[PDB]
Amino acid sequence: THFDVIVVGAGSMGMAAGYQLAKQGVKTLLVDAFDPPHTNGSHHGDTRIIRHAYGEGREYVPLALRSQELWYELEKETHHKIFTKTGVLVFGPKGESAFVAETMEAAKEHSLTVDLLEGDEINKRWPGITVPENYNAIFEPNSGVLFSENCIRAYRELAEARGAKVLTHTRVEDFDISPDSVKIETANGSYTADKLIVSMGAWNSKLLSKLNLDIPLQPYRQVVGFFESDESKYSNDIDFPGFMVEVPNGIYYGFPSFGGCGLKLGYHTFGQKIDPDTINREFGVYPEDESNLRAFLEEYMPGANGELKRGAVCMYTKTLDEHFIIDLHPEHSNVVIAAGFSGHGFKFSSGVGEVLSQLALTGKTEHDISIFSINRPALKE
Ligand SMILES: *Cc1cc2c(cc1C)nc1c(=O)[nH]c(=O)nc-1n2C[C@H](O)[C@H](O)[C@H](O)COP(=O)(O)OP(=O)(O)OC[C@H]1O[C@@H](n2cnc3c(N)ncnc32)[C@H](O)[C@@H]1O
Ligand SMILES: O=C(O)[C@@H]1CSCN1
Ligand SMILES: O=C(O)[C@@H]1CSCN1
Ligand SMILES: [Cl-]
């Protein structure tokens, strides 16, 4: 079969693209090194935050809101759980967080529904949080938590029912791009199509050279821990929120306990530089894994600092400016690139799937994706 479209990397972005293409009757092949969802890429550890008011930049808000609507649509189409509306709390020291400030500006610019709180008002509203009196906060009630492995599994099952094919456990090794066709090479055979979408996550850093691209991309080792917590404070059932917060030593994020799983925490602004083929995927092999998490919990969420119940090891892929790459290949209009999601892409994957399908089919998108241009100056050293 010569396909209409081949997607290389059927993860967060690729599987969403495959769903969008299959739903329009486009003959699609997706090829993945593993069998998504899996624990070797960037999409595991159960849960992902979706925010609308966006501290990385107000220009992301439209894509977040579209993505949110697409997640509700997915919820209605599958039996897997997709989204729970935890709300998202953002806080930091007053006057000392650009992230908090931009979150607040984004909410104002897009007339988002948020609550503003400070100091003891935070600790009063959410028993279990203990911030200093000089902290301030913005709480977004209508954002929340995605079950990311379920998202990918649902998109996969829906796409496959519509005739998409998923070739699993198959690494793409090389590419051959012509003006009117694309070709991939694998140990399980070679495949051709009219259009290519490249969405290989951390492996984009190693394999985009085979498309003659030289773009700084650094994979990072990013751990999360689940901790035994006071369920009377930290459970989703008592409205404990998702959160993403700035403190003097960086940004931390986390999740309420769901069904007694424990509060989940990660440290966002620090991780080890790694190669995705040699990363150590065991939690706790570095002392920082657990210690950086307990340093936050004992200070700010002291009843969520019990026994470590579970750990996970996942990867970010950062650009120099920490903005995504979503664009056509500059020399090949039949090749679409999705890369560099810099630790904050999952929430957009529904919307990005739609963009990637538009770019593959038409060479354009209705979305404004200027900030993710592959030709922008700030990508380069
Ligand atoms: C690691 C992580 C990320 C993260 C997060 C916490 C952690 C610990 N918290 C987030 C959050 O709360 N909210 C959010 O919006 N994002 C958050 N992130 C980031 C997010 O998870 C990532 O930005 C996103 O998952 C990136 O998706 P992408 O589609 O780029 O990556 P992937 O899901 O890993 O999929 C890539 C696939 O490609 C396959 N692959 C790799 N090499 C090949 C070859 N050669 N051939 C074929 N397939 C290939 C991989 O197997 C994978 O399935
Ligand atoms: O380490 C980093 O964040 C950057 C991302 S691309 C090259 N180095
Ligand atoms: O993108 C987000 O919302 C989360 C919080 S920092 C890690 N990812
Ligand atoms: Cl990432």
Side-chain angles (χ1 to χ4, degrees), residues 6-17 30-51 54 56 60 64 67 88 143-146 148-149 151-152 156 166-175 184-188 197-208 210 215-225 242-244 253-255 264-269 271 273 276-277 311-322 324-326 337-350 352-353 356 378-381:
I6 288 162
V7 182
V8 177
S12 311
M13 307 303 158
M15 200 69 76
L30 300 101
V31 186
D32 203 85
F34 304 106
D35 186 1
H38 60 77
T39 62
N40 297 311
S42 296
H43 53 252
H44 65 290
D46 292 357
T47 49
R48 293 287 182 279
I49 287 160
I50 174 160
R51 290 166 290 124
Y54 214 68
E56 299 79 345
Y60 286 86
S67 292
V88 180
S143 56
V145 170
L146 295 160
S148 50
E149 299 164 49
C151 289
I152 290 163
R156 181 169 176 184
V166 187
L167 176 59
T168 56
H169 303 300
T170 298
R171 285 203 171 204
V172 173
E173 292 170 313
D174 205 356
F175 307 87
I184 59 163
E185 299 185 10
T186 91
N188 290 146
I197 295 167
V198 181
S199 48
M200 296 175 297
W203 288 269
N204 285 154
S205 69
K206 311 195 61 175
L207 292 166
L208 285 179
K210 298 295 202 185
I215 299 160
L217 290 170
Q218 179 61 65
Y220 284 78
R221 177 176 177 287
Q222 299 294 153
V223 305
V224 295
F243 58 92
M244 180 181 178
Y253 62 95
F255 303 75
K264 176 189 156 183
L265 193 74
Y267 186 22
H268 185 53
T269 45
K273 294 189 170 180
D277 293 312
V313 180
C314 179
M315 289 182 290
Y316 302 169
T317 309
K318 298 183 195 178
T319 54
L320 286 177
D321 56 8
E322 299 192 20
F324 312 158
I325 302 169
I326 305 169
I337 309 297
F341 290 95
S342 304
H344 67 107
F346 193 87
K347 68 186 71 66
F348 302 104
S349 55
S350 57
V352 170
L356 296 175
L379 269 178
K380 310 263 62 209
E381 287 283 3

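Every number for a ligand or one of its atoms is a count from 1 in the order of the listing. Throughout, numbering of the chain's residues begins at 1 and tracks the sequence.
- For ligand 1 and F34, the ligand atoms under 4.0 Å from any heavy atom of the residue are 51 (O).
- Annotation for ligand 1: atoms under 4.0 Å from non-hydrogen atoms of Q222 are 8 (C).
- Considering backbone and side-chain atoms together, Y316 places no N or O closer than 3.5 Å to any N or O of ligand 1.
- Ligand 1 lies less than 4.0 angstrom from a heavy atom belonging to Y253.
- Between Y220 and ligand 2, at least one N/O pair is under 3.5 Å apart.
- Atoms of ligand 1 found under 4.0 Å from any heavy atom of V31 (numbered from 1 in listed order, with element): 47 (C), 48 (N).
- By heavy-atom distance, the residue among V224, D32, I152, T186 lying nearest atom 50 (C) of ligand 1 is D32.
- In summary, the atoms of ligand 1 found under 4.0 Å from a heavy atom of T170, numbered by their order in the structure, are 46 (N), 47 (C).
- Judged by distance alone, the side chains of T186 and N188 never bring a donor and an acceptor atom under 3.5 Å apart.
- Taking atom 6 (S) of ligand 2 as the reference point, the nearest protein heavy-atom neighbour is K318 O, 3.3 Å.
- Aromatic ring centres of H344 and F324 lie closer together than 6.0 Å.
- Here the heavy atom of the protein found nearest to atom 4 (C) of ligand 2 is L320 CD2, 3.7 Å.
- The closest donor-acceptor contact from the side chain of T170 to the backbone of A33 lies at 3.5 Å or more, if one exists at all.
- Protein heavy atom nearest atom 9 (N) of ligand 1, with residue, atom name and distance: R48 CD, 3.5 Å.
- In this pair, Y60 and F348 present their aromatic rings tilted. The plane angle is within the 30 to 60° band.
- In terms of N/O distances under 3.5 Å, ligand 1 is not approached by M315.
- With a 6.0 Å cutoff to the six-membered ring centre and a 45° limit on the axis angle, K210 does not count as a cation-pi contact of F175.
- Salt-bridge annotation for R51 and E56: present, with a side-chain N of the basic residue lying under 4.0 Å from a carboxylate O of the acidic one.
- The backbone N or O of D35 sits nowhere less than 3.5 Å from a side-chain atom of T168 that would complete a donor-acceptor pair.
- Each of the atoms 34 (O) of ligand 1 lies under 4.0 Å from some heavy atom of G41.
- Among protein heavy atoms, atom 46 (N) of ligand 1 sits closest to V172 N, 2.9 Å.
- In summary, the atoms of ligand 1 found under 4.0 Å from a heavy atom of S199, numbered by their order in the structure, are 36 (C), 37 (C), 38 (O).
- Contacts between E322 and ligand 2 below 4.0 angstrom, taking non-hydrogen atoms only, are absent altogether.
- Applying the 4.0 Å criterion to heavy atoms of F341 picks out, from ligand 1, the atoms 23 (O), 30 (O).
- Close approach of ligand 1 to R171 (heavy-atom distance below 4.0 Å) involves ligand atoms 46 (N).
- Distances shorter than 4.0 angstrom occur between a heavy atom of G343 and an atom of ligand 1.
- Using a 4.0 Å cutoff on heavy atoms, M15 does not count as a contact of ligand 1.
- If you number the atoms of ligand 2 from 1 as listed, the ones under 4.0 Å from a heavy atom of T319 come out as 5 (C).
- In this structure a side-chain-to-backbone donor-acceptor pair under 3.5 Å is present from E149 to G45.
- Residue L207 places a heavy atom less than 4.0 Å from ligand 1.
- Aromatic pair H38/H43: centroids less than 6.0 angstrom apart.
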